[PDB]
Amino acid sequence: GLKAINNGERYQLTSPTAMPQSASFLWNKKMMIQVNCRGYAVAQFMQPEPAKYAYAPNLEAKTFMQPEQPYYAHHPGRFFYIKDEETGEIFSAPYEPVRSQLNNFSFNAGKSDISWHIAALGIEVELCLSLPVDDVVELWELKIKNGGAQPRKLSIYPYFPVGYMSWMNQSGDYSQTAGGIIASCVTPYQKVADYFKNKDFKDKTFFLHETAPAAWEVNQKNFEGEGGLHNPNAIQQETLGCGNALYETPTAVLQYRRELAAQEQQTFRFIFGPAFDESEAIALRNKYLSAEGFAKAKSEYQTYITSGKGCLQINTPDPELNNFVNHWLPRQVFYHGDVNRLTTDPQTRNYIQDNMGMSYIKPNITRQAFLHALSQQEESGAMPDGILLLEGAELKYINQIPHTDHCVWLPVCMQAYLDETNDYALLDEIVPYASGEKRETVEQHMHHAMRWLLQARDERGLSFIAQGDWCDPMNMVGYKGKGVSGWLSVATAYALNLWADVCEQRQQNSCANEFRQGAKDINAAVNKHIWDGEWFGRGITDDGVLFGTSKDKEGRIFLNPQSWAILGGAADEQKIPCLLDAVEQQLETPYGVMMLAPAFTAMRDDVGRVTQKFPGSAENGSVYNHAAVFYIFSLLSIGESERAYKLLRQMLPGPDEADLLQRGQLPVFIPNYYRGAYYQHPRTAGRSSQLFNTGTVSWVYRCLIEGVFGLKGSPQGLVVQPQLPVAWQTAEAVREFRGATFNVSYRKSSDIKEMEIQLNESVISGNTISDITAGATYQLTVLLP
């Protein structure tokens, strides 16, 4: 079974085998953890760069998680073994590593915690994980109850494998003074500069108990012996051996021996995490490891999540949609803008898009993000490929490979901020540039960005692509310096048209004319060179080849140039229906719209690395949700209400059982992708990546707020412009907007020919609520034909 519980606070799966990849996530200001339903977990923290405290059993690469991450028996996880001392029978919570028969299983994804209930052998177990807001530590609460009528003698063994920490130096031992296990290493390196750089690393891992145990074991191999994780030798014997690790793989295993009366329950607390030294571990222990410490952290964390609850609560005829939107969407949006994906150098397009989502949650964060991003703009007007969030950080990985699209996001996402807040006064703030002495207003910086986009075009008037655009791995179209992007061109026309509208609102009329003319020039170039007759191509290679066209067998159509041609005006009214039909025919699937099709099955080396991905995975033809929601937004922009909703709703798994089993995910987030290549590889199509990091969700939230429910800001007030699916006879929403609350009731009427709006029971004229007082509540009734 799989359903919402606890009044929306949690979401419960009752089989540990039906959906074995399913998972949920938690984060805080400094860490994140992905927890699998069977007890595997991946945890990363910042110090200030990424690191981990629970390691693989081998020397793993520097990485967090892969899409569709597979687990294996020794993957890091969070386990508790229970042993009936009378019978010798054992089981483990949550399910791994023993995989015993259980009488009851629940995995509960929470807004603020992750928990399990299980039962075996008549013993009832509860496990609850949460994090505090500001420190790196896991708070673990275990409850064990004898559910039967006679006393029961049990051994209870936390098993938190530390893994292979380092080939230079790893060890571990029990510390009575810390009250638990302290594993220790030295992170490997070779260069002297790295010794200086690594000085403040938290290269100890602690596992501390509140209640002193009977015994412990710190050596992984001693724990397993021949019995392995299925039946550890250390657990077969009466008492753990109390061994240490001396350049041996360390582990964290404790043992409690209890005789529990009928119906008796006992609670045990632990914390797990990294530390510089034992002193820091003890500081965490004193702050957190108690009933009071756990309750204070929980109260503070629930407060943090509620601070990010957002501006929209809905009550539609679709209860799965209600649950997702009300309870899960805003937390996922909030994570992205609040901690910027836990990177010290966010990709600029990610920083600006994730902060755009924040406009609906905590817009002062958005405001400061624009100020920060623009302070790092180059004097040319160009934006850097990443934005540094800490002095001393550097551009890493894809951010060192030249992509050309960074400036497009500025006005595209500023428009959401300005519409929601009406904070045009941001445009007057003064900020520096990345180099030089010039300090200019936001508005001037934006003009220089749009001038950059206009200058970074070839003689045909089309945008250079270099080693990629929005599609990060699209690296061989323009690497010789001549290739151009179809998508970047259409999106630059959109950006320029939006920014000209701002300039016109600001009385910057010369600018408005200049950018409007820019946008027409690009659109005309696009129509001349990129349009392929039934859809827009994707780009022109360094050697002059148009691709993403009907002559290409793989990558015959890409979604992005279509959505963005719709938004930026390259697609007129006669080309629009060609796009809709071609997308439906070639890209739509039951799991959502694919970003390109057919997927590439081999390298095409004038397009590049994207074509080497497995067909259907990631940018190579998946249902890549971020591209899908750009299409949904383009659809809303032209009033294609039914098609917009249909494709948005496809992003949420369930309630169809086959759908839920095939995507394999709990419906508590939208992943970066569901597997595509639907025609080529049907068996796997729909499978969830399980990756909760995705720019999709800022845009999905915007589409629902402003487009489907149609409650959008303007300089006059709240614009009522709903695009509800026709199946809905009635719906309600509660919209928070500029400090006020709107209780909106939507109802279909066959008495009217045109929408009618009532505010506090009086019919209004027009579609705008203009008189908004902070702290007030308004009743809005919207009757629709």
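All residue numbers are counted from 1 along the displayed sequence.
On mean C-alpha B-factor from the PDB entry, just flag whether 146 to 154 or 107 to 115 is the higher one.
Stretch with the higher mean C-alpha B-factor: 146 to 154.
When the Cα temperature factors in the entry are averaged, is it 348 to 356 or 295 to 303 that ends up higher?
Here the higher of the two C-alpha B-factor means belongs to 295 to 303.
From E248, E459, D423, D469, which pick has the Cα B-factor that tops the rest in the entry?
Max CA B-factor in the entry, restricted to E248, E459, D423, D469: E459.
Looking at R649, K287, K480, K204, which one carries the largest C-alpha B-factor according to the PDB entry?
Highest C-alpha B-factor among the listed residues goes to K480.
Thinking about Cα B factors across the chain, which third does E640 belong to?
Its C-alpha B-factor, which the entry lists for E640, ranks in the middle third among residues of this chain.
Lowest, middle or highest third: which one holds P725 when the chain's residues are ordered by CA B-factor from the entry?
For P725, the deposited C-alpha B-factor lands in the highest third.
Going by what the PDB entry lists, where does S745 fall on CA B-factor within its chain: lowest, middle or highest third?
Within its chain, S745 is a highest-third residue by C-alpha B-factor, going by the deposited values.
Could you look up the Cα B-factor of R38 in the entry and say which third of the chain it sits in: lowest, middle or highest?
Middle third - that is where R38 ends up once the chain's C-alpha B-factors are sorted.
By the record's CA B-factor, is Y397 among the lowest, middle or highest third of residues in the chain?
Answer is highest: the recorded C-alpha B-factor places it there.
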